[PDB]
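Trainee: I have a structure I would like to understand better, so I am pasting it below and will then ask my questions one at a time.
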Amino acid sequence: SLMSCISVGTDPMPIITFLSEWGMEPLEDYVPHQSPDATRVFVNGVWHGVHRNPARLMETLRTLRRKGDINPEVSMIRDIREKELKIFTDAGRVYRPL
Amino acid sequence: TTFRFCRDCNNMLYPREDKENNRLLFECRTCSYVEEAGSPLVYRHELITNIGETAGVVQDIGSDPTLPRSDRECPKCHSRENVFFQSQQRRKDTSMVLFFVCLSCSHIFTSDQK
Amino acid sequence: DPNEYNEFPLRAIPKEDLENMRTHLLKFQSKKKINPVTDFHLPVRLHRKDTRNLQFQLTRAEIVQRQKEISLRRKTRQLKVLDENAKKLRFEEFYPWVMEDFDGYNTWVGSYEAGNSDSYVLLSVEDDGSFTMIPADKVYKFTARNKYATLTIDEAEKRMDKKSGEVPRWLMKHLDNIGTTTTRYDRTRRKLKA
Amino acid sequence: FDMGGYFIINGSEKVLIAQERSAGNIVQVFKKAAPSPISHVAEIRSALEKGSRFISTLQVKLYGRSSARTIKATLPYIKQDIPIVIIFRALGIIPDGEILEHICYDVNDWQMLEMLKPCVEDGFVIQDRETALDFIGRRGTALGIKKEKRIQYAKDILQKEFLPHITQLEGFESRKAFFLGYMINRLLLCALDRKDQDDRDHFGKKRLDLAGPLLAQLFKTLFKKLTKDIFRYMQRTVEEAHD
Amino acid sequence: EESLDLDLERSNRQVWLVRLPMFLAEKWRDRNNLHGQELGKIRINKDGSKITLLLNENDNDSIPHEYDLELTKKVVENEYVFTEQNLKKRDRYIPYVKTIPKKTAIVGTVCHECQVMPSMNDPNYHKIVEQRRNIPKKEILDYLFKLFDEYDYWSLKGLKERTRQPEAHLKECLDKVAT
Amino acid sequence: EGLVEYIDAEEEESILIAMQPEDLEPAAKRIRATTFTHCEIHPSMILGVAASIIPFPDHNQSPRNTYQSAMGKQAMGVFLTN
Amino acid sequence: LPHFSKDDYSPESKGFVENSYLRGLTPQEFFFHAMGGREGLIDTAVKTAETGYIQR
Amino acid sequence: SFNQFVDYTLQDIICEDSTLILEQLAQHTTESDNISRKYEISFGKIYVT
Ligand SMILES: [Zn+2]
Ligand SMILES: [Zn+2]
């Protein structure tokens, strides 16, 4: 379609480091009991760890990608129903403005 | 029907029988720790399942936009705001039950009319 | 804040002591608190050994008792290159860290995890209140092993082969009652008694 | 007016066309038909941009429609599918409660735990990590100084080739374990009918390959051919000279 | 030379573990740093549960000075930190697997883990966020007799280096007497 | 400065769209929720290049659109100026 | 379709084109119309080859 | 897509596999001894016209 566009990919490492710095638990000390409801975080499929308060991260990443500090091809989803949070930054996605 | 693990080494205790006193000795197989169970019920099947219609109630459902909103009252707090959605357990023979959750009382209630 | 606490900002380590030492990190895997300096039959020999057939391995007390009783070229090749640090890491962790008591009653086997050893950094208050400053280098996770007289490969294969509708429920207990495949602590006890 | 992203080959204007494919590195479940002994399978494709094409296909399979309740996982280069408790021990998780903590997350529910009990009973055979790592998966090449299999060789498999995203280096077995447990949980949810069957014609699970990636494929292939050819003529210039 | 056992008396020591922001880790893992100096000050409440880091101006304001030190774990168990400095220098048990157990030493246990977080109100704080966004037929005849006396399987190549002579002359001499 | 957003094919499983910028924005011609996060730019931009030439494409049958979109590539006119 | 809240079964949400060709279609209805037509086309494109083979 | 492939992805695909070495010490015993003849070939920055 007319305003369609194609993602060209961007290195996920700044996002990974950033997202660690704003509060994660890296998977190596995750335990299901002590965090019975915290949210999984994925980046291009690879799990990177669990996080406690998801909404603050979600709005923060929205503000950051709206301020122009993340390449706006990056797409995030908070699937609230399943305690999921996905970050996608590969090439080859299809997106349209809004 | 739940599993009890060996406290001494995290492996589930297995049913094994006292040959003479006739008791339910849940014994560990990894180590030699043994445990007396409570009830003669061991195995359990449930050939018919009918549960799961209210799944995934997270504490912050109202943060999503795509849930609709209505005007029934929570019969704990009577706030006129609420959120409703379809039953979660997606089988071909489930119902049209609506589950109302209110943001104020954070309380779930249905609208069954049997 | 008023001095309601040991306000000693960091005193860094001796740089001359920093060389030729590496300070890793120990991790245990059990729900109960473990203090080896109390529980273990000291002396404790933390070694880096191969673990091949550690069921038939050495007890220190058994070793002491046994010692007391006795007394064309191809000319063409290609090295597909690899990082020197990674290769050295492979060489170092080609054997893991093993620590036991003197009896061999309880053994613990380490392994390497590469999560966030770099980002961690150590701060210990000393006896005088000195706050020492150590950049931690690596972390090792240790699991107890053969605390319950583990079985072995071949009879295990005959067990897991589809010859039975179900394997025997108390098969390990029956094998122990037969007497085969004793624990390492039991082997040490038998060698001490004999 | 000739805004045109095309090429001139032999004086004729040639154009690429975007291809598509399923999204890599993403979880799909399936419901294979009744007459097959398999009922539900999970798939993970993978890639790593894109040395030797990085196919690295993985499955988790389920059997039966009862008593055939078992979870065999396929894996290269292991010629037989393996029950998963062996794999958990192979990654280095011994005690069964913590295998279960890897798999399921709500300790209160149980239906998954009775669903997993037979696989635990399969796992009653082997109680140590290298005594799991030993298991066969021959598929070549010639064995070196071995007894049955090098434990070193099996752990080299699990390190280098297996699941070639989340890591490849040396030390991330716990991450591999959680990833596997998540996969099992997804499969088990699909077969336990709490979550529906996946879809393949959702658009977001597709990507559009395009001029850059296509040129990347040709360039990688051609340059690896080139590297092989330059490695030739350098070993066999035994006589002079360094041209 | 020394003993083969580890150290134990430093078991009963308190060690604190810090998760660190990566710029601050690079500043604090320097060999030209680590000289006993005190680049900051810590501040615990009387009631606990909140620590800021009073970093001194040695950092020269590129990084902040007010760091909200967040205690990640209040109580920590089964954690022991140990060192290893190098050492001064059916019963067929292998004695030497070339294990080289150096001077291993406990130095304490861990009760707390905390994370350093710079307080966002500092101008250097959140500036780092956009920074992260920015980034001789007879003689040789007798000589041959000694040579095969030295070695009866004397090869032609060994013969040639022991002669340095015309080879056709060498070969016609050898077969006339022996092999 | 945060006025438009690029949205891939998945966040539509997380967002809500308005047709018009007036459709629910204040609280004999044609027959035509309060939690909108996005509004689409213009609904006519769901079309493609060929189908953006059909006048009043909302006023006929879809297979006829498909035929026309096929045939238009066979038309002739100018194609360039050089 | 992403322009409605979840869990509806009102006919306009699931695809009843109430309107008429004189008045034209609201864009959602336009999309559903495209769906139906596409279904017809692909059915023709498969049935023709199969019926030709069986006729031969 | 093309601009991405030219600006990056090309230097990347070169630098990921630049090294190629045949460093010859002796590849047998002696040779007395011999020394480690580093025949190495590696690629650096690339150029486009
Ligand atoms: Zn036990
Ligand atoms: Zn209420």
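Here, A, B, ... name the chains of the structure tokens in the order displayed, residue numbers run from 1 inside each chain, and ligands are numbered from 1 in the same displayed order.
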Just need the residues of chain D within 9 Å of chain C, counting only C-alpha atoms, so spit them out as a tab-separated table (two decimals) with C-alpha atoms, in the first residue's frame.
Mentor:
```tsv
chain	number	residue	atom	x	y	z
D	94	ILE	CA	19.46	-32.26	38.40
D	121	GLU	CA	9.19	-41.28	35.11
D	122	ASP	CA	11.16	-41.57	31.88
D	123	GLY	CA	13.80	-39.43	33.54
D	124	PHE	CA	14.17	-41.85	36.46
D	125	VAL	CA	16.97	-43.61	34.58
D	126	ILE	CA	19.74	-41.01	34.78
D	127	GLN	CA	20.69	-38.87	37.76
D	128	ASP	CA	23.80	-36.99	36.62
D	130	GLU	CA	27.45	-36.26	32.07
D	131	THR	CA	25.61	-39.53	32.55
D	132	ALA	CA	22.96	-37.81	30.46
D	134	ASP	CA	26.78	-39.57	27.15
D	151	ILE	CA	31.09	-35.81	27.00
D	152	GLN	CA	33.22	-33.00	25.60
D	169	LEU	CA	29.91	-18.96	23.41
D	170	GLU	CA	30.42	-21.21	26.42
D	171	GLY	CA	28.38	-20.48	29.50
D	172	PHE	CA	24.66	-19.81	29.18
D	173	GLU	CA	23.09	-23.12	30.00
D	174	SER	CA	20.55	-21.68	32.41
D	231	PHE	CA	43.31	-20.58	0.70
D	235	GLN	CA	49.34	-23.73	0.64
D	236	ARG	CA	50.40	-25.10	-2.73
```
Trainee: Residues within 12 Å of ligand 1 should be enumerated using only C-alpha atoms and all ligand atoms and returned as an MDAnalysis selection string.
Mentor: (chainID B and resid 4:14 26:35) or (chainID C and resid 147:149) or (chainID D and resid 95:97)
Trainee: Using only C-alpha atoms and all ligand atoms, which protein or nucleic acid residues are at most 8 Å from ligand 2, as a PDB file with N, CA and C atoms, in the first residue's frame?
Mentor:
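Contents of selection-v1.pdb, as written:
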```pdb
ATOM      1  N   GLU B  73     -22.673  -2.043  37.616  1.00  0.00           N
ATOM      2  CA  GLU B  73     -22.022  -1.674  38.862  1.00  0.00           C
ATOM      3  C   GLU B  73     -21.384  -2.890  39.518  1.00  0.00           C
ATOM      4  N   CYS B  74     -20.263  -2.661  40.192  1.00  0.00           N
ATOM      5  CA  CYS B  74     -19.615  -3.737  40.927  1.00  0.00           C
ATOM      6  C   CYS B  74     -20.365  -3.964  42.229  1.00  0.00           C
ATOM      7  N   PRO B  75     -20.928  -5.140  42.460  1.00  0.00           N
ATOM      8  CA  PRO B  75     -21.733  -5.321  43.674  1.00  0.00           C
ATOM      9  C   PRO B  75     -20.894  -5.533  44.924  1.00  0.00           C
ATOM     10  N   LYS B  76     -19.825  -4.781  45.037  1.00  0.00           N
ATOM     11  CA  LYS B  76     -18.990  -4.538  46.198  1.00  0.00           C
ATOM     12  C   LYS B  76     -18.730  -3.059  46.389  1.00  0.00           C
ATOM     13  N   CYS B  77     -18.558  -2.319  45.300  1.00  0.00           N
ATOM     14  CA  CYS B  77     -18.224  -0.911  45.360  1.00  0.00           C
ATOM     15  C   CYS B  77     -19.198  -0.023  44.614  1.00  0.00           C
ATOM     16  N   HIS B  78     -20.016  -0.581  43.718  1.00  0.00           N
ATOM     17  CA  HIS B  78     -21.078   0.111  42.988  1.00  0.00           C
ATOM     18  C   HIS B  78     -20.552   1.217  42.090  1.00  0.00           C
ATOM     19  N   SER B  79     -19.263   1.189  41.780  1.00  0.00           N
ATOM     20  CA  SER B  79     -18.721   2.112  40.803  1.00  0.00           C
ATOM     21  C   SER B  79     -19.283   1.776  39.436  1.00  0.00           C
ATOM     22  N   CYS B 102     -14.335  -4.640  37.572  1.00  0.00           N
ATOM     23  CA  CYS B 102     -14.354  -3.215  37.827  1.00  0.00           C
ATOM     24  C   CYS B 102     -12.971  -2.751  38.238  1.00  0.00           C
ATOM     25  N   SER B 104     -12.381  -0.038  40.162  1.00  0.00           N
ATOM     26  CA  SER B 104     -12.416   0.456  41.533  1.00  0.00           C
ATOM     27  C   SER B 104     -12.223  -0.666  42.538  1.00  0.00           C
ATOM     28  N   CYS B 105     -13.177  -1.589  42.603  1.00  0.00           N
ATOM     29  CA  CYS B 105     -13.083  -2.649  43.593  1.00  0.00           C
ATOM     30  C   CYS B 105     -12.119  -3.749  43.192  1.00  0.00           C
ATOM     31  N   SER B 106     -11.628  -3.733  41.947  1.00  0.00           N
ATOM     32  CA  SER B 106     -10.715  -4.748  41.409  1.00  0.00           C
ATOM     33  C   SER B 106     -11.298  -6.145  41.571  1.00  0.00           C
ATOM     34  N   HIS B 107     -12.604  -6.247  41.376  1.00  0.00           N
ATOM     35  CA  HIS B 107     -13.365  -7.424  41.742  1.00  0.00           C
ATOM     36  C   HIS B 107     -14.106  -7.949  40.525  1.00  0.00           C
TER      37      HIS B 107
END
```
Trainee: Using backbone DSSP assignments, extract all alpha helix (DSSP H) residues from stretch 35-74 of chain A; output them as a list in words.
Mentor: residues 54, 55, 56, 57, 58, 59, 60, 61, 62, 63, 64, 65, 66 and 67 of chain A
Trainee: I'd like the contact shell of stretch 33-42 of chain G - 8 Å cut-off, only C-alpha atoms, skipping same-chain residues fewer than 2 positions apart - returned as a PDB file with N, CA, C and O atoms, in the first residue's frame.
Mentor:
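Output below, filename out_37.pdb:
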```
ATOM      1  N   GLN F  61     -18.205  -3.241  -7.538  1.00  0.00           N
ATOM      2  CA  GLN F  61     -17.893  -4.569  -7.061  1.00  0.00           C
ATOM      3  C   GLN F  61     -16.390  -4.753  -6.998  1.00  0.00           C
ATOM      4  O   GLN F  61     -15.651  -4.228  -7.835  1.00  0.00           O
ATOM      5  N   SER F  62     -15.940  -5.482  -5.984  1.00  0.00           N
ATOM      6  CA  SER F  62     -14.511  -5.741  -5.828  1.00  0.00           C
ATOM      7  C   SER F  62     -13.851  -6.508  -6.977  1.00  0.00           C
ATOM      8  O   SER F  62     -12.730  -6.122  -7.364  1.00  0.00           O
ATOM      9  N   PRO F  63     -14.428  -7.583  -7.534  1.00  0.00           N
ATOM     10  CA  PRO F  63     -13.750  -8.237  -8.658  1.00  0.00           C
ATOM     11  C   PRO F  63     -13.573  -7.343  -9.859  1.00  0.00           C
ATOM     12  O   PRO F  63     -12.609  -7.514 -10.618  1.00  0.00           O
TER      13      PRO F  63
ATOM     14  N   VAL G  17     -22.320  -5.706   5.397  1.00  0.00           N
ATOM     15  CA  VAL G  17     -22.316  -4.478   4.625  1.00  0.00           C
ATOM     16  C   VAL G  17     -23.747  -4.001   4.501  1.00  0.00           C
ATOM     17  O   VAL G  17     -24.458  -4.372   3.562  1.00  0.00           O
ATOM     18  N   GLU G  29     -16.368  -2.140   5.524  1.00  0.00           N
ATOM     19  CA  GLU G  29     -17.215  -2.919   4.645  1.00  0.00           C
ATOM     20  C   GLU G  29     -16.558  -3.127   3.301  1.00  0.00           C
ATOM     21  O   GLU G  29     -16.689  -4.202   2.707  1.00  0.00           O
ATOM     22  N   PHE G  30     -15.808  -2.132   2.841  1.00  0.00           N
ATOM     23  CA  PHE G  30     -15.059  -2.279   1.607  1.00  0.00           C
ATOM     24  C   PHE G  30     -14.066  -3.420   1.705  1.00  0.00           C
ATOM     25  O   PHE G  30     -13.952  -4.244   0.786  1.00  0.00           O
ATOM     26  N   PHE G  31     -13.387  -3.514   2.839  1.00  0.00           N
ATOM     27  CA  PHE G  31     -12.428  -4.589   3.047  1.00  0.00           C
ATOM     28  C   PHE G  31     -13.099  -5.953   3.055  1.00  0.00           C
ATOM     29  O   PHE G  31     -12.591  -6.913   2.459  1.00  0.00           O
ATOM     30  N   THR G  44     -12.289 -20.218  -8.415  1.00  0.00           N
ATOM     31  CA  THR G  44     -12.301 -20.418  -9.861  1.00  0.00           C
ATOM     32  C   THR G  44     -10.952 -20.908 -10.369  1.00  0.00           C
ATOM     33  O   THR G  44     -10.878 -21.873 -11.151  1.00  0.00           O
ATOM     34  N   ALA G  45      -9.873 -20.285  -9.891  1.00  0.00           N
ATOM     35  CA  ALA G  45      -8.542 -20.595 -10.395  1.00  0.00           C
ATOM     36  C   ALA G  45      -8.076 -22.001 -10.043  1.00  0.00           C
ATOM     37  O   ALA G  45      -7.163 -22.511 -10.694  1.00  0.00           O
ATOM     38  N   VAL G  46      -8.655 -22.634  -9.031  1.00  0.00           N
ATOM     39  CA  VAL G  46      -8.298 -24.036  -8.790  1.00  0.00           C
ATOM     40  C   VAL G  46      -9.254 -25.004  -9.500  1.00  0.00           C
ATOM     41  O   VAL G  46      -8.819 -26.027 -10.076  1.00  0.00           O
TER      42      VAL G  46
END
```
Trainee: Find the residues near stretch 9-14 of chain H: any atom within 12 Å, counting only C-alpha atoms, skip ones fewer than 5 places away on the same chain, and give them as a PyMOL selection string.
Mentor: (chain A and resi 8-11) or (chain D and resi 49-51+212-224+226-227) or (chain H and resi 1-4+19+42-48)
